[PDB]
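J.: Sharing a structure with you now.
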Amino acid sequence: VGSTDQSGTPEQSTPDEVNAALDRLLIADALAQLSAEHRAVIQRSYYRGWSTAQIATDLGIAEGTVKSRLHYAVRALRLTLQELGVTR
Amino acid sequence: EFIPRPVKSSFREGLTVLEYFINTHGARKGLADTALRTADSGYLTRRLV
Amino acid sequence: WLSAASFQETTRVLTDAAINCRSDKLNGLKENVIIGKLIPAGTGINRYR
Amino acid sequence: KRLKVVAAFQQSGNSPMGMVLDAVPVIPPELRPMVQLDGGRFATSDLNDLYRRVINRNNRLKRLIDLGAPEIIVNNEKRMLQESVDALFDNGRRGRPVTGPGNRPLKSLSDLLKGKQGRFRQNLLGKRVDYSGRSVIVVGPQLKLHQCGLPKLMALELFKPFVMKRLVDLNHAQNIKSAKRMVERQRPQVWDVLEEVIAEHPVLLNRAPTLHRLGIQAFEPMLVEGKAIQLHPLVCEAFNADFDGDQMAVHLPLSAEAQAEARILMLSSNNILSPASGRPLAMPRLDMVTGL
Amino acid sequence: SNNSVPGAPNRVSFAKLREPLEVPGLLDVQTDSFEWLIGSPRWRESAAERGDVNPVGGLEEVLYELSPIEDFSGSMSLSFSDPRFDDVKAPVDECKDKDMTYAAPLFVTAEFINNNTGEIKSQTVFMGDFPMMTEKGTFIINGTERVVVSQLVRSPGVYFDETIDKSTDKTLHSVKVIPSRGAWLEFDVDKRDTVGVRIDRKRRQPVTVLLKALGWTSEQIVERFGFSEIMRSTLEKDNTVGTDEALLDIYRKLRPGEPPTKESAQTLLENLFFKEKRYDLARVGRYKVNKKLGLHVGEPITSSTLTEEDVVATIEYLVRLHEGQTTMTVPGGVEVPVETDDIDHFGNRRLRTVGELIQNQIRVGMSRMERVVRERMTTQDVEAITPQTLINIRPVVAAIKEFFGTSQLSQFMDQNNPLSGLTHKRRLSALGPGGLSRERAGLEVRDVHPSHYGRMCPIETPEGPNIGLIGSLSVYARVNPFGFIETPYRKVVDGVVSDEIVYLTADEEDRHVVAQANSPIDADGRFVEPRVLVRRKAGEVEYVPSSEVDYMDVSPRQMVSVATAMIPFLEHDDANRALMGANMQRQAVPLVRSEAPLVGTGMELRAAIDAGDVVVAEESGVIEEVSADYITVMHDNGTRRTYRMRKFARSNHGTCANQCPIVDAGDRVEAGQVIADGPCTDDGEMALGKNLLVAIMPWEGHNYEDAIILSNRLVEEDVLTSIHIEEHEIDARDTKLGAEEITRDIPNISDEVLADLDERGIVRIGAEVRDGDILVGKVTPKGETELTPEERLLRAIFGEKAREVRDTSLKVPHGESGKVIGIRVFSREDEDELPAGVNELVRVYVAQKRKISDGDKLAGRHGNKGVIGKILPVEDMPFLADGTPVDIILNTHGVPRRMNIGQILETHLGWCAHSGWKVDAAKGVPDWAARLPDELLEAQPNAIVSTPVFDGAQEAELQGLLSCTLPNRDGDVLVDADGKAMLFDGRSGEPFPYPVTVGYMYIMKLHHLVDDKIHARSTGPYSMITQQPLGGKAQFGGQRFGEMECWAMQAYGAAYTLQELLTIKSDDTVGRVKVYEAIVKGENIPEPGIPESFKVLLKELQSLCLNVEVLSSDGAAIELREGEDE
Amino acid sequence: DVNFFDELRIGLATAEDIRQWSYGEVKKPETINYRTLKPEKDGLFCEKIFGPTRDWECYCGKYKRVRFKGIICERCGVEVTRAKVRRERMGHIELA
RNA sequence: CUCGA
DNA sequence: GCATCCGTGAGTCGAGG
DNA sequence: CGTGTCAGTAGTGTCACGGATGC
Ligand SMILES: [Zn+2]
């Protein structure tokens, strides 16, 4: 039916990264206010996407230790974000 | 070339029907060639650039 | 050949460029404009930069 | 002229055999994208139909070679593969071009580089830029020669990230995220903040056609109500700008070097004379000369 | 009085010349063409009194040309007859609402004739839903009113050209035989004194090769062309000889690659030029040949085909023209001059209207079905065949669908104001299929031709790249069934003007001489001067005896278009500003309330009625019930007809189309009278603007070269306030992970933004919405594998599970604000047929009330345009002696340059209409008012007047009216006989040192408002391929820093500003994001990177077998975050 | 990626250079599947050749997470990086 | 395609 | 050795389809 | 899977200028 070279076809667009850049900046600020253990666990679970046992194998710690560090560090980030007015 | 008959009336007086019709000949082609003359002008300009 | 291919006869310049295997020293206004360098003119020359 | 061609292949060390191809490269798909349409159907670049026709005829030639088909079919097939690659690289160069649906000539790979619509002139010599706007121009006699009046609504979006920065500094907004929502919603605090932002931050005004360098000049922005751009009456000669519906573009220099180039090199008050003749341009020209 | 025929308001005309013929139907061009196409009873009765015997409609003509269909044997036959239509499928407004096509089903009678079985089965076969033309002269395709534009094409016939050679500098000649359909044939004499012929663009054969192939002996050729030495040199320099030799020579150049048989070329050389299958000269094409060659000029037009005699007479016409001959008679033919043709002359340039343009597409669609018929005959059995089985209507309806859907002549209707719509329907376009390409049109096709007098307007035409290619039909002009444009003239018997009026074509006009409309004429009819200004063939104007005038013009405005005829004092404006005045009148915006102009021309009445945006009474009667919703008329016979008002409807261009009743309850109204008027209409007249009090003076520089100063009264009293309506639309589809649903529940949105929504997620009627407000709340399910690492962490640190949907709601675009006036919902669940893959569709209509703003573009009727530079308070405005402030301050400098004195004369007459006048009746009628009608000697304040084009008020009478202007309520005359008045500076109080010209001028609000034309962008969407910002305001894109603008940066030496524009501010993928972070962080602007567009250029040069590499200073090639594998 | 590199060299592309660039041959003439929107294997949009449609998402659907970064899938032959590679990975047609 | 400078 | 014919180029920006 | 009474183009009003192409 259509050809992109042919007129009358809308060109593909990509939105700006403003909202993503601002979220990344706020995440980086709340990340700096975390302990080296908690920061090096959320950056290995969400930034590197590993499994719970993968981070446990890397850091040389227990399985539940990674579960507990992630469980608190998440709430610690929610504390810092809600203290700065980040929308739920 | 100029028409062997001039537009004797002034715009204050008011041109006749035929005087107006013969005036539009040069008026339209005056606007018509201005687009082509600007095209060759901008073409010579970007060659000089 | 980059300043020429953007002027006129794009295919005619690109053919002779690949045949002669010409290498372009990116030191010119039109070239640095394309690649994003500071133009070697005005505030872009090494004296003021 | 024959030596001109032969000597190049001799000295350079590249064989002339490259003029005959055994394999043709395929441009990555995102440069020949196929988009979906709101009617359910699809639409692909003409390069895909040219690549598809080369693939179709090359696979049929592989069938004829395997089957031992008569030399008349194989040779007449090899001819069509030549015309297909010729269409992929430069359709229409030899003979009549490969028409698509509706007798439209398909755009070849070389068509992406040719002329005003080519890659060089359309996307390299000139580009579309962020931090810019456009509106109708209106004469402003009260303005000084180094000043221009731009609408408040234009300045807010033009200085949006700077406004968000000051909204979070003065604690009108908790975080930069809500500061963005405040500018998008136009909370009344931004108009007091925006005045602090545009202070002595020059902007560039432009009216096409940009014939000479004074077709773009720098000005000091002044927050004015309304939706029109207020231009100084003396720079009207440089822009060749009358006020019968004209529009001008505004560009905001961001870096410190760019603002300095506008403050010193491009300021309207520092460019009174014509660079072509040395005689002034920002002088009484119409009503002003009659008044004097 | 002016136009005392429908019951209109009494506008008093400054008319010294009577109107012999009243303006025809301005919509006849679109109407009559379509009535002939479908063979309506009105067209048939019109042709009946026209003298026609057995007339045939366009559809009947297609069916007769097609019938019959036969195979090679003749054992099977199919025929068609009796085309008829059932009632229309859906009303006009229902099609606009549901986005369908206005059409009526077409029935025909088809039958199969079997010669080998002797029996026939006849029945009725439905052909297809046929698009119907509305009463307003428009079609409705998918709910949008479109206009089929009449096309100017080269008429069929034989045409001759006198070209000058480039190298030898000798006068050459060429011939073209352009058929109405089929292959082309062009003879020519090159610079070597030899004659040749190109057949269907193919190779140029010697002219005797064609003569030998037709069966002409080499002796009879010398007998016919012996009087010229250039033909003796042609038969001598000829290569091959023989009847069966040159016939194969033509075969191998026309159809290469095929075995040449003496009868395979004998077959095509008969079918390509002499069989009605693959060649046809229309009745006009045959007639144009029978006149150009001077043969069969008496025989009834029965030959629909080219003949061999015509080919010989054409070569005879050419060879005589080459060697200076000026006269020729074909053997057995009438005498005819030997000359070259203009091809721009309106006798050789033909206009095809709506019916023909549709008929040709029907003809092509029928031919595609005919091939299906012949194929279905030889496949199916010869006894179970019915007309239903042989007919596949798919290519037929798809051919008319292809036409109305995609065509340069099927155009999106201009709907700024009623005048723009009427002008668009009367447009004559040279562009399009069969006409010419814009690249293939020189400065000769576009300029004015002397045959355009009274046929196409020499003023109304765009000034852009389409100048000359698009014209407007003259007022009194019409189209004959041949395709040429006729214009009426007054037949002068023996130097005596007669009321007998006859329409003449272009070449018919050249065979006579006509007198100018404003000729001094005796009350009996005899010309006052022996010598009168007379137009002659080839555009010659000269005096000539009164006993030589054959005809004369009907009206002075006979040469201008309807919009051009609406400019008062047009004879005092140059053609440049007059063009802009007519082009900008079509750009006027329908205001909230409309005022008819004080200074008019009389054309405003008929232009408004014929436009079709008012409501005229069909039959005489009384008003039974009147409401803002509908008007009911009780006829004399007893029947009732109710007209429904179109209230606050969006036009094609966002303007407000709003009709309002005029009559009240119990008002006797005649037939054809305006009972209600729509946009830009006041009491039935075109009200494109308002009457504003104007002062001609510079004012503190705020009106500096074409700038305009306005009184704030125009804002407080909604004088230049207009209504604008925008259409917003969104749909809920089926996606890969579920289905988009329209719901009020939107993730992470407060109950405050959703407060203006109902329970469905739709904004409620009446709610005022700014930009960014939610109109339709739609959510789309997004997959888990599509989440950002930060977004998945942000989802974990907020505990909000089950939010697998994202926000894709319909929000208000930047720059929009107004009241929601209407909602339309379409749901697949509720039997509404949506495109496959859609579950819900919502359309929201938002209306804004736009007051006049700073920068809004105003203009007059004389091409005097300008933007609003300053709107001062009412007290700041210079006010007259009695305190009434002026409304608009126009600069004086922009008046004597443009040569548009009409605005000055309108200002004078505008005040005289505002105040009134009384001529001194004592001691007789003064010497300046002797020519004025007695109705003009006394005028009341706010009187309406007409200044017809090339007639109307003269400066002697206008000067006399200023001397007797009526006093105000206090009894004081504010303006002087000069037309100037004493003004007071509202800012200081001191009176202005000199009197200033003050009056009333008609100003129009053009559709160029800052509310639309303002735009700005920090960041936003980027084009996916080039990674550069989008274009256009609607796409929220940035401005384009073009090639010339980069030269300006380099001329300044602003290197860093140039690098900044071309990198971080454009297509630097990582630079733009780090710049935005550096701004919100308060850091410094980082260093620009490499443009992504340059990466694409390299990757494209690679696809062209070019090994491009970037080398460092040492010489090693460096990659760009990529590698290469094999 | 600094912005100072002196020369930009152009030359004839050997048929062997075309293979050095190409991440695989485009055998079939098909484009995609007009239901699943998944590109057909060895087609003009093959993910084994040019790259994944979505980031870290393969064709056969076995590897959809980021933890398997850089794995060449054995069942569909697609690498697992971002779709940015679909703007720079070249293909080629081997002529008979 | 159509229009604005 | 020269007339022919092919290929090259033909202002900038903006708005709605 | 196999196919078979002839089965016949689209589209047609730019131009200046230089130099390789061609009888
Ligand atoms: Zn896989």
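Residues are referred to by chain and number: the chain letter is A, B, ... according to the order shown in the structure tokens, the number counts from 1 in that chain, and ligands are numbered separately from 1 in the order shown.
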Do a neighbour search on residue 15 (chain A) at 10 Å with only C-alpha atoms (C1' of nucleotides), toss out local chain neighbours closer than 3 positions, and write the hits as a ChimeraX atom specification.

T.: /A:18-19 /E:1019-1024,1029

J.: Would you name the residues within 7 Å of ligand 1, counting only C-alpha atoms (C1' of nucleotides) and all ligand atoms, and put them as an mmCIF file with C-alpha atoms, in the first residue's frame?

T.:
```cif
data_model
loop_
_atom_site.group_PDB
_atom_site.id
_atom_site.type_symbol
_atom_site.label_atom_id
_atom_site.label_comp_id
_atom_site.auth_asym_id
_atom_site.auth_seq_id
_atom_site.Cartn_x
_atom_site.Cartn_y
_atom_site.Cartn_z
ATOM 1 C CA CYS F 58 15.741 -12.294 20.766
ATOM 2 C CA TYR F 59 13.591 -13.790 18.009
ATOM 3 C CA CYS F 60 12.704 -17.168 19.537
ATOM 4 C CA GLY F 61 11.834 -15.470 22.837
ATOM 5 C CA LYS F 62 14.211 -17.496 25.014
ATOM 6 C CA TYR F 63 16.380 -14.519 26.050
ATOM 7 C CA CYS F 73 21.170 -17.461 20.903
ATOM 8 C CA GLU F 74 21.570 -21.008 19.615
ATOM 9 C CA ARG F 75 17.998 -21.515 18.377
ATOM 10 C CA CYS F 76 17.472 -18.270 16.423
ATOM 11 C CA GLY F 77 21.040 -16.980 16.014
ATOM 12 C CA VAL F 78 20.272 -13.449 17.248
#
```

J.: Counting only C-alpha atoms, which residues of chain E come no farther than 7 Å from chain F, as a PyMOL selection string?

T.: chain E and resi 785+1089-1090+1099+1105-1113+1124-1126

J.: Compute the chain C side of the contact with chain B at 12 Å, counting only C-alpha atoms, and hand it back as a list in words.

T.: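 Residues of chain C within 12 Å of chain B, counting only C-alpha atoms: residues 3, 4, 6, 7, 8, 29 and 30 of chain C.
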
J.: If you run DSSP on the backbone, which residues of region 73-281 of chain D are alpha helix (DSSP H), as a PDB file with C-alpha atoms, in the first residue's frame?

T.:
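out-v7.pdb, freshly written:
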```pdb
ATOM      1  CA  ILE D  73      16.916 -18.109 -20.109  1.00  0.00           C
ATOM      2  CA  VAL D  74      20.042 -17.822 -17.950  1.00  0.00           C
ATOM      3  CA  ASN D  75      21.464 -14.954 -20.017  1.00  0.00           C
ATOM      4  CA  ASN D  76      18.138 -13.107 -20.151  1.00  0.00           C
ATOM      5  CA  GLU D  77      17.939 -13.616 -16.376  1.00  0.00           C
ATOM      6  CA  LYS D  78      21.467 -12.300 -15.789  1.00  0.00           C
ATOM      7  CA  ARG D  79      20.514  -9.186 -17.766  1.00  0.00           C
ATOM      8  CA  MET D  80      17.614  -8.490 -15.400  1.00  0.00           C
ATOM      9  CA  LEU D  81      19.882  -8.887 -12.368  1.00  0.00           C
ATOM     10  CA  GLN D  82      22.148  -6.228 -13.883  1.00  0.00           C
ATOM     11  CA  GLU D  83      19.192  -3.874 -14.343  1.00  0.00           C
ATOM     12  CA  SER D  84      18.054  -4.584 -10.774  1.00  0.00           C
ATOM     13  CA  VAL D  85      21.386  -3.708  -9.152  1.00  0.00           C
ATOM     14  CA  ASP D  86      21.511  -0.715 -11.498  1.00  0.00           C
ATOM     15  CA  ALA D  87      18.097   0.279 -10.128  1.00  0.00           C
ATOM     16  CA  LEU D  88      19.195  -0.269  -6.521  1.00  0.00           C
ATOM     17  CA  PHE D  89      22.232   1.995  -6.906  1.00  0.00           C
ATOM     18  CA  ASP D  90      20.854   4.595  -9.333  1.00  0.00           C
ATOM     19  CA  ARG D 119      21.497  14.020   2.639  1.00  0.00           C
ATOM     20  CA  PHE D 120      24.158  16.715   2.212  1.00  0.00           C
ATOM     21  CA  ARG D 121      22.007  19.806   1.684  1.00  0.00           C
ATOM     22  CA  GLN D 122      18.936  18.747   3.678  1.00  0.00           C
ATOM     23  CA  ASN D 123      20.564  17.230   6.777  1.00  0.00           C
ATOM     24  CA  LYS D 152       6.251  35.713  27.627  1.00  0.00           C
ATOM     25  CA  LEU D 153       4.856  32.364  26.469  1.00  0.00           C
ATOM     26  CA  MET D 154       7.727  31.991  23.995  1.00  0.00           C
ATOM     27  CA  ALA D 155      10.382  32.749  26.623  1.00  0.00           C
ATOM     28  CA  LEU D 156       8.978  30.241  29.123  1.00  0.00           C
ATOM     29  CA  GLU D 157       9.320  27.310  26.726  1.00  0.00           C
ATOM     30  CA  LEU D 158      12.581  28.662  25.279  1.00  0.00           C
ATOM     31  CA  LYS D 160      12.232  25.980  30.159  1.00  0.00           C
ATOM     32  CA  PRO D 161      15.205  24.068  31.676  1.00  0.00           C
ATOM     33  CA  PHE D 162      16.637  27.292  33.114  1.00  0.00           C
ATOM     34  CA  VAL D 163      13.246  28.165  34.620  1.00  0.00           C
ATOM     35  CA  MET D 164      13.019  24.676  36.129  1.00  0.00           C
ATOM     36  CA  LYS D 165      16.484  25.213  37.622  1.00  0.00           C
ATOM     37  CA  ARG D 166      15.502  28.466  39.339  1.00  0.00           C
ATOM     38  CA  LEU D 167      12.106  27.104  40.412  1.00  0.00           C
ATOM     39  CA  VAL D 168      13.960  24.422  42.382  1.00  0.00           C
ATOM     40  CA  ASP D 169      16.581  26.850  43.747  1.00  0.00           C
ATOM     41  CA  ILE D 176      13.235  19.227  39.370  1.00  0.00           C
ATOM     42  CA  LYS D 177      10.488  16.755  38.408  1.00  0.00           C
ATOM     43  CA  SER D 178       7.686  18.851  39.911  1.00  0.00           C
ATOM     44  CA  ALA D 179       9.455  21.951  38.584  1.00  0.00           C
ATOM     45  CA  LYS D 180       8.856  20.597  35.080  1.00  0.00           C
ATOM     46  CA  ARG D 181       5.169  20.037  35.842  1.00  0.00           C
ATOM     47  CA  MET D 182       5.026  23.619  37.136  1.00  0.00           C
ATOM     48  CA  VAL D 183       6.367  25.049  33.871  1.00  0.00           C
ATOM     49  CA  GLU D 184       4.078  22.823  31.791  1.00  0.00           C
ATOM     50  CA  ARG D 185       1.085  23.927  33.885  1.00  0.00           C
ATOM     51  CA  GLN D 189       5.442  31.733  40.145  1.00  0.00           C
ATOM     52  CA  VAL D 190       7.221  31.128  36.827  1.00  0.00           C
ATOM     53  CA  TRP D 191       6.477  34.620  35.482  1.00  0.00           C
ATOM     54  CA  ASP D 192       8.366  36.206  38.379  1.00  0.00           C
ATOM     55  CA  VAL D 193      11.154  33.640  37.961  1.00  0.00           C
ATOM     56  CA  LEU D 194      11.374  33.887  34.159  1.00  0.00           C
ATOM     57  CA  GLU D 195      12.195  37.595  34.454  1.00  0.00           C
ATOM     58  CA  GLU D 196      15.298  36.681  36.465  1.00  0.00           C
ATOM     59  CA  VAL D 197      16.332  34.069  33.901  1.00  0.00           C
ATOM     60  CA  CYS D 236      14.167  46.722   9.548  1.00  0.00           C
ATOM     61  CA  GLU D 237      16.523  47.667   6.703  1.00  0.00           C
ATOM     62  CA  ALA D 238      19.005  44.886   7.490  1.00  0.00           C
ATOM     63  CA  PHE D 239      16.350  42.153   7.613  1.00  0.00           C
ATOM     64  CA  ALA D 256      29.184  30.720  27.324  1.00  0.00           C
ATOM     65  CA  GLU D 257      31.086  31.083  24.046  1.00  0.00           C
ATOM     66  CA  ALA D 258      27.836  31.273  22.071  1.00  0.00           C
ATOM     67  CA  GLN D 259      26.403  34.006  24.302  1.00  0.00           C
ATOM     68  CA  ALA D 260      29.678  35.928  24.024  1.00  0.00           C
TER      69      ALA D 260
END
```

J.: Any idea what's packed within 12 Å of residue 645 (chain E), counting only C-alpha atoms (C1' of nucleotides), ignoring anything in its chain fewer than 2 positions away? Could you give it as a list in words?

T.: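 Near residue 645 (chain E), the qualifying residues are residues 93, 613, 614, 615, 616, 626, 627, 628, 629, 630, 631, 632, 642, 643, 647, 648, 649, 657, 658, 659, 660, 661, 662, 675, 676, 677, 678 and 679 of chain E.
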
J.: Export, as a tab-separated table (two decimals), in the first residue's frame, the selected residues with N, CA, C and O atoms.

T.:
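The file below, out.tsv, is the result:
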```
chain	number	residue	atom	x	y	z
E	93	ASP	N	-25.46	15.61	5.75
E	93	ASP	CA	-24.85	15.80	7.06
E	93	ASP	C	-24.53	14.47	7.73
E	93	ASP	O	-23.58	14.39	8.52
E	613	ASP	N	-24.02	29.27	1.24
E	613	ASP	CA	-23.92	29.24	2.69
E	613	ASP	C	-25.04	30.01	3.38
E	613	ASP	O	-25.07	30.06	4.61
E	614	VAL	N	-25.96	30.60	2.62
E	614	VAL	CA	-27.14	31.23	3.19
E	614	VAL	C	-28.30	30.26	3.07
E	614	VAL	O	-28.13	29.11	2.64
E	615	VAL	N	-29.50	30.70	3.44
E	615	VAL	CA	-30.71	29.89	3.35
E	615	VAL	C	-31.74	30.69	2.57
E	615	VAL	O	-32.30	31.66	3.10
E	616	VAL	N	-32.00	30.29	1.33
E	616	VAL	CA	-32.95	30.96	0.47
E	616	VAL	C	-34.25	30.16	0.44
E	616	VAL	O	-34.25	28.93	0.50
E	626	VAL	N	-40.53	30.18	13.67
E	626	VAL	CA	-39.13	30.55	13.54
E	626	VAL	C	-38.44	30.33	14.88
E	626	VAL	O	-38.93	30.77	15.92
E	627	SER	N	-37.31	29.62	14.85
E	627	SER	CA	-36.50	29.38	16.03
E	627	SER	C	-35.03	29.43	15.61
E	627	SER	O	-34.70	29.40	14.43
E	628	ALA	N	-34.15	29.50	16.61
E	628	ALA	CA	-32.72	29.43	16.33
E	628	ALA	C	-32.32	28.07	15.77
E	628	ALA	O	-31.19	27.94	15.27
E	629	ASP	N	-33.20	27.08	15.83
E	629	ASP	CA	-32.91	25.74	15.34
E	629	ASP	C	-33.39	25.53	13.91
E	629	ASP	O	-32.67	24.93	13.10
E	630	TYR	N	-34.59	26.00	13.57
E	630	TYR	CA	-35.13	25.79	12.23
E	630	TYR	C	-36.14	26.88	11.89
E	630	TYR	O	-36.62	27.60	12.77
E	631	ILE	N	-36.44	26.98	10.60
E	631	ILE	CA	-37.44	27.91	10.07
E	631	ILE	C	-38.44	27.10	9.27
E	631	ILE	O	-38.05	26.30	8.41
E	632	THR	N	-39.73	27.31	9.53
E	632	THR	CA	-40.80	26.62	8.83
E	632	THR	C	-41.58	27.62	7.98
E	632	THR	O	-41.96	28.69	8.47
E	642	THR	N	-39.40	23.04	5.84
E	642	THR	CA	-38.65	23.48	7.01
E	642	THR	C	-37.16	23.42	6.70
E	642	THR	O	-36.64	22.37	6.30
E	643	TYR	N	-36.48	24.54	6.90
E	643	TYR	CA	-35.04	24.65	6.68
E	643	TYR	C	-34.34	24.65	8.03
E	643	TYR	O	-34.64	25.48	8.89
E	647	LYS	N	-25.59	25.36	12.96
E	647	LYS	CA	-25.19	26.17	14.10
E	647	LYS	C	-23.83	25.72	14.62
E	647	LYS	O	-23.68	24.57	15.04
E	648	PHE	N	-22.86	26.63	14.60
E	648	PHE	CA	-21.55	26.43	15.21
E	648	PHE	C	-20.88	25.16	14.68
E	648	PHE	O	-20.39	24.33	15.44
E	649	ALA	N	-20.86	25.03	13.36
E	649	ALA	CA	-20.24	23.88	12.70
E	649	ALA	C	-18.83	24.24	12.25
E	649	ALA	O	-18.59	25.33	11.72
E	657	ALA	N	-18.79	28.12	10.89
E	657	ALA	CA	-19.92	28.20	9.96
E	657	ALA	C	-21.19	28.19	10.79
E	657	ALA	O	-21.61	27.15	11.31
E	658	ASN	N	-21.81	29.36	10.93
E	658	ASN	CA	-22.99	29.53	11.78
E	658	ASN	C	-24.05	30.31	11.01
E	658	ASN	O	-23.80	31.45	10.60
E	659	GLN	N	-25.21	29.70	10.83
E	659	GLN	CA	-26.34	30.34	10.16
E	659	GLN	C	-27.30	30.91	11.19
E	659	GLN	O	-27.50	30.32	12.26
E	660	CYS	N	-27.89	32.06	10.88
E	660	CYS	CA	-28.83	32.72	11.77
E	660	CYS	C	-30.06	33.16	11.00
E	660	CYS	O	-29.94	33.71	9.89
E	661	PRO	N	-31.26	32.93	11.53
E	661	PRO	CA	-32.47	33.39	10.84
E	661	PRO	C	-32.54	34.90	10.78
E	661	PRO	O	-32.07	35.61	11.66
E	662	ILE	N	-33.15	35.40	9.70
E	662	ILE	CA	-33.35	36.82	9.48
E	662	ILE	C	-34.82	37.21	9.67
E	662	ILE	O	-35.13	38.18	10.35
E	675	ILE	N	-33.95	33.97	3.65
E	675	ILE	CA	-34.64	33.96	4.94
E	675	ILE	C	-33.67	33.78	6.10
E	675	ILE	O	-34.07	33.96	7.26
E	676	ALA	N	-32.42	33.43	5.82
E	676	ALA	CA	-31.40	33.24	6.85
E	676	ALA	C	-30.04	33.28	6.17
E	676	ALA	O	-29.89	32.78	5.05
E	677	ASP	N	-29.05	33.86	6.84
E	677	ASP	CA	-27.72	34.02	6.28
E	677	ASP	C	-26.68	33.42	7.21
E	677	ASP	O	-26.85	33.41	8.44
E	678	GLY	N	-25.60	32.92	6.62
E	678	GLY	CA	-24.57	32.23	7.36
E	678	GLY	C	-23.35	33.09	7.62
E	678	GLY	O	-23.45	34.30	7.85
E	679	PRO	N	-22.17	32.48	7.60
E	679	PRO	CA	-20.95	33.21	7.93
E	679	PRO	C	-20.62	34.26	6.88
E	679	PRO	O	-20.86	34.07	5.68
```

J.: I'd like to know which residues of region 943-1031 of chain E are strand (DSSP E) (by DSSP, run on the backbone); could you write them as a PyMOL selection string?

T.: chain E and resi 945-946+980-981+996-1005+1015-1017+1022-1023

J.: When you look at region 11-14 of chain H with a cut-off of 10 Å (counting only C-alpha atoms (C1' of nucleotides)), what residues show up, excluding the ones that are within fewer than 3 positions of it in the same chain? I need them as JSON, numbers by chain.

T.: {"B": [35, 36, 37, 38, 39, 40, 41, 42, 43, 44, 45, 46], "D": [134, 135, 207, 208, 209, 210, 211, 246, 247, 248, 249], "E": [1013, 1032, 1033, 1039, 1040, 1041, 1042, 1043, 1044, 1045], "G": [4, 5]}

J.: Which neighbours of region 281-288 of chain D fall inside 8 Å, counting only C-alpha atoms (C1' of nucleotides), when residues of the same chain fewer than 2 positions from it are skipped, and could you give them as a list in words?

T.: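 The filter keeps residues 234, 235, 236, 237, 238, 272, 273, 274, 279, 290, 291 and 292 of chain D; 698, 701, 704, 705 and 893 of chain E.
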
J.: From the options C:48, C:16, C:35, C:24, which residue's atoms come nearest to chain E, counting only C-alpha atoms?

T.: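 Looking at the shortest contact to chain E, the residue is C:35.
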